[PDB]
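What follows is a set of notes on a single structure, which appears directly below.
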Amino acid sequence: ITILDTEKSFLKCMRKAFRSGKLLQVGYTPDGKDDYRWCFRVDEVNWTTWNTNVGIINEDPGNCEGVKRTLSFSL
Amino acid sequence: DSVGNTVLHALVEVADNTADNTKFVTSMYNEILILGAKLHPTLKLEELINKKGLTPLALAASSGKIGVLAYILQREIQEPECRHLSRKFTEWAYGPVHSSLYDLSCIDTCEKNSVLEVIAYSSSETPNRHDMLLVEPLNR
Amino acid sequence: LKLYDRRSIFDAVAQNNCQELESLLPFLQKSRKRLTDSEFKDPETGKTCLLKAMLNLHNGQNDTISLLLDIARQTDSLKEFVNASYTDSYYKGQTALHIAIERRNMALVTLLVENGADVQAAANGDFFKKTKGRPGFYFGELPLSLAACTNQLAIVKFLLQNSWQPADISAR
């Protein structure tokens, strides 16, 4: 309640209150357009399930202000 | 209906947070989204509001439906042509470490019925207020 | 002769179509270029098309890689081809052998070290170091360390017991 009541005090801070979404691309919509949704990023680890997933966004790991999309997307 | 509830809203107001009711409601909530993409993909089903102006995610936060809330915010759909309905993605995975992305479409206070604002400004007659902030997007 | 640029080679090596990449060797012999040229490596991160073959596997079995491994040995530059790594400071030293170990492919590890993959390649990038609060994965910057730290017993035995280039178990 303190975090939300702080954000209501300033309209300028609301444009700062975008919490790390970065306007990231998460694949493609139907019609094949860019998705571009605000996404909070959470790092995880598993030592039994090794995550060979169908949908993985970046083929290159990590975040270093350099992006590269994966060709496994249908669009 | 006369209330304005669509099919996804009615699945929210049916679920009463028990272990058996959460299991199939979030299973039925998945299958109708997948059918909602295959039948006509141009319509986003979760943007539809009832006559109280609540989305199906905002309705789960307005009432105490934590098990529906824990499912929508962490929704991964593996099927192609239905990957866009996911709210949890992974952007990379290097061996053991993988980085998850949680979508923040109606949540994160920029919208009108943001579920982070809906939970924290509840009227204490709604159950599970203290527990709905422990789902994995809303805590971090 | 079919004209080739860099972008069509990266796109064909990802889509797993070997029929698209068939006139590359008559084009590369005519142009007198090599696969380990600056025009074919990506300018930001030094990604050769062997690396792009190793990122985008299909069902764990890419068939395009064995084609352009043959193209590098016809154009007598296979040693620079498999030992080409990222030149960027975030992935510095990562060869295709590190990707073959990470993608859980026993056959891709074998096919690389037969062709002269350096099993002592130090992947000393910012992603592979510690970098206290940044996201990353430290495994010890070595291929025989990566097979160990990622629970691959068959690969860490193979790097130590191959006829081509055995791994130094005391390397740091």
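Read-outs throughout are calculated quantities, based only on the coordinates presented, and are distinct from any laboratory measurement. Positions of Cβ are generated from backbone atoms using ideal geometry, with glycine treated the same way; all protein chains shown enter the neighbour counts.
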Task: P(r) weight above 14 Å for the range C:109-172, C-alpha pairs, percent - done: 57
Task: Equivalent ellipsoid semi-axes, chain A, via Cα gyration tensor eigenvalues times 5, rooted, Å - done: 30, 18, 11
TODO: Write down the Kirkwood hydrodynamic radius of the range B:73-136, to one decimal in angstroms, obtained as one divided by the mean of 1/r over all alpha carbon pairs.
DONE: 13.9
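With +1 on each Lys and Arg Cβ and -1 on each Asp and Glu Cβ, and nothing else charged, work out how big the dipole of chain A is about its Cα centre, in Debye to the nearest 20. Intermediate values should be presented prior to the final figure.
Working: 11 positive and 10 negative charges, 79 e Å.
The calculation lands at about 380 debye.
Calculate how large, on average over all directions, the projected area of the Cα convex hull of the range C:106-146 is; give the answer in nm² to one decimal. Walk me through the intermediate numbers first.
Values: hull surface 12.7 nm².
Averaging across all directions leaves 3.2 nm² for the Cα convex hull.
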TODO: Starting from 0 in steps of 10 Å, tell me what percent of the Cα-Cα pairs of the range C:20-64 lands in each bin.
DONE: 24, 46, 29, 2
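Would you list B:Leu133, B:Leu11, C:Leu153, C:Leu78 from fewest to most Cβ contacts within 10 Å? Please list the in-between numbers first.
Numbers: B:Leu133 14, B:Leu11 22, C:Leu153 9, C:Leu78 19.
Listed from fewest to most nearby Cβ atoms, that is C:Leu153, B:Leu133, C:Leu78, B:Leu11.
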Task: Per-selection Kirkwood Rh - chain C (Cα, Å, 1 d.p.) - done: 16.6
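Determine, for A:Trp38, C:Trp164, A:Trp47, the number of other Cβ atoms within 10 Å of each Cβ, and report the residues in order from fewest to most. Spell out each step's value before the answer.
Values: A:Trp38 20, C:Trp164 12, A:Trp47 9.
The fewest-first ordering by Cβ neighbours comes to A:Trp47, C:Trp164, A:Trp38.
Considering only the other residues whose Cβ falls under 12 Å of the Cβ of B:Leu59, what net charge follows from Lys and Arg at +1 and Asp and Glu at -1? Before the final figure, lay out the partial values.
Numbers: positive: B:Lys51, B:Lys52, B:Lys65; negative: B:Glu13, B:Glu46.
Its environment carries a net charge of +1.
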Open item on the list: Can you give the Rg/Rh ratio of the protein assembly as shown, where Rg is from the C-alpha atoms and Rh is the Kirkwood radius?
Closed with: 1.05
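What does the charge add up to near A:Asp35, with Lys and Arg as +1, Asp and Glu as -1, over the other residues with Cβ less than 14 Å from its Cβ? Display every interim value, and only then the final one.
Working: positive: A:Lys22, A:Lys33, A:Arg37, A:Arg69, B:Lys44, B:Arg83, B:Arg87, B:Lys88; negative: A:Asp31, A:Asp34, B:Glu81, B:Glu91, B:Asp103.
That sum, taken over residues with Cβ under 14 Å, equals +3.
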Task: Net +/- balance of residues flanking C:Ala123 in space, Cβ distance below 9 Å, scoring K and R +1, D and E -1 - done: 0
Task: Within a Gaussian network of chain A (alpha carbon springs, distance under 10 Å), most fluctuating of A:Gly62, A:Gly32, A:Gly21 - done: A:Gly62
Task: Rg/Rh ratio calculated on Cα atoms of the range C:50-116 (Kirkwood radius) - done: 0.94
TODO: Wrap a convex hull around the Cα atoms of the range C:1-82, take a quarter of its surface area, and give that in square nanometres.
DONE: 5.0
Open item on the list: My understanding is that a pair violates if its Cα-Cα distance is over 27 Å; which of A:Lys33/B:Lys51; C:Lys2/C:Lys41; C:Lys47/C:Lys129; A:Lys68/B:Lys38 do that in this structure?
Closed with: A:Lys33/B:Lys51; A:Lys68/B:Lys38
Task: Normalised per residue, the volume of the convex hull around the Cα set of chain B (Å³) - done: 131
Open item on the list: With 10 angstrom as the radius, rank A:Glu59, C:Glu102 by how many other C-beta atoms surround their C-beta, starting from the fewest.
Closed with: A:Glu59, C:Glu102
Open item on the list: Only Cα pairs within less than 10 Å get springs; with that Gaussian network setup on chain B, which residue of B:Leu35, B:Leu73, B:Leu59 has the largest fluctuation?
Closed with: B:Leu35
Open item on the list: Against the empirical 2.2 N^0.38 Å scaling, what ratio does the C-alpha Rg of the range B:61-108 come to?
Closed with: 1.32
